[PDB]
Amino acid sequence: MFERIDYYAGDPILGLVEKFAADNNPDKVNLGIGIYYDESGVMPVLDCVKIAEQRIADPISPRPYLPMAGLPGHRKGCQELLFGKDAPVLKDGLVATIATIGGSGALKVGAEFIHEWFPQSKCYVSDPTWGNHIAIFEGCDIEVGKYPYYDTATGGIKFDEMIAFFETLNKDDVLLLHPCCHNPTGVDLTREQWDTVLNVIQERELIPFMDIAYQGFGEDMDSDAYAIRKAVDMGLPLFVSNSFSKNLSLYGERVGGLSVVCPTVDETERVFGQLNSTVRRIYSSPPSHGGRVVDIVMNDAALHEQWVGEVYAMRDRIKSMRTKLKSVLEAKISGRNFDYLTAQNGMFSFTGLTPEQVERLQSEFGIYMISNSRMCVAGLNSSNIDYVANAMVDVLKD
């Protein structure tokens, strides 16, 4: 029956957790996973989630289908979070929004929608990007290309070539952009740079599709969304897929949102029904439990304020692990430039180690990273920071 079917590409990450788990080094450190661990190196349960979940368990309720669009409040919660409490665009009702099965599901729905209505659009992703970007858009039959981003020569954005590359693009072509906290690089645009990029997206009539998955891991909630809020202010046909996976420690509960910012209330009505019809032919309606958590935390001002504070705690704990790392490297490689480590943001960092050095960390010291040089800065804490740091020193000098 099925011998024509090829074996899958495979899970690059589980083959990586499997290798680490197997790794015999007692001092082993996993900087390879895409996940927040606290300073005790465990996945945190947030205090506000914990309260929300207590509410859900009292009383245990009947469990109807959620609307295809997800809970009214969940929907609002993504919107306020992304566009600002009581944003003009929200008052005028110019945004169509759905709850979604994570960021992933929001990517999937946006992509499927853009495939149905703009079957002529190619999509570009950044180079590099999270590989699931590509598999999701390719999964819909969109042509995926990449645009020039990480300058491997400098640790910086190759901004010029990037811009000029947008100049070559067609009406309605889609740009998958990271508003903050780049994955895999941690390398972010500046505001004045976002301002440039956006005028280009306006001038060539392109679609910006922003995938924001680390809001608050960056600078702060409001600031992290700058690109989004600018794009709105500029009349761009904005798509926004957003995720609560990392910033609620709710990865498994699959909570996310897709937003589409339209010109007029009537176009909003059109897009919205279509987002609904798309959800319907995929999975029907989103999971209740996750939905209630997002609903409760975002909309209960006290819990929201609590939430935000836990989020900044993580943002800050990362920043310290970041600065604590650079100080040990500069102390011991007197010549070198390590600024990029603290100039980066979010949960990831391109360390600028060569594939070979990354190999040597693993084989000599039990330290797992990805070979493009990506490390998960959250994997680091005080019980492992010296061990990693000195291990990096050994590999870097040689």
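Take the two forms, find the largest set of C-alpha atoms that superpose within 1.5 Å, and that set is the rigid core. All residue numbers are counted from 1 along the displayed sequence.
> Just give me the stretch that moves more in 5 other deposited structures of this protein: 146 to 154 or 324 to 332, judged by RMS C-alpha distance after a core fit.
Comparing 146 to 154 with 324 to 332, the larger C-alpha deviation in 5 other deposited structures of this protein belongs to 324 to 332.
> Core-aligned, which moves more in 5 other deposited structures of this protein: 372 to 380 or 14 to 22, by CA RMS?
Farther on average in 5 other deposited structures of this protein: 14 to 22.
> Should the higher mean CA B-factor in the entry be assigned to 130 to 138 or to 251 to 259?
Mean B over CA atoms: larger for 130 to 138.
> Tell me which of 77 to 85 and 100 to 108 has the higher mean C-alpha B-factor in the deposited entry.
Of 100 to 108 and 77 to 85, the stretch with the higher C-alpha B-factor average is 77 to 85.
> C-alpha B factor of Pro44, ranked within the chain: lowest, middle or highest third?
CA B-factor rank for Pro44: middle third.
> Ranking the modelled residues of this chain by C-alpha B-factor as given in the entry, is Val328 in the lowest, middle or highest third?
Its C-alpha B-factor, which the entry lists for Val328, ranks in the highest third among residues of this chain.
> Can you tell me whether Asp316 has a C-alpha B-factor in the lowest, middle or highest third compared with the other modelled residues of the same chain?
It falls in the top third of the chain.
> Looking at the C-alpha B-factor of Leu361, is it in the lowest, middle or highest third of its chain?
As the PDB entry reports it, the C-alpha B-factor of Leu361 lands in the highest third of its chain.
> Lowest, middle or highest third: which one holds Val279 when the chain's residues are ordered by CA B-factor from the entry?
Tercile = lowest for this residue's CA B-factor.
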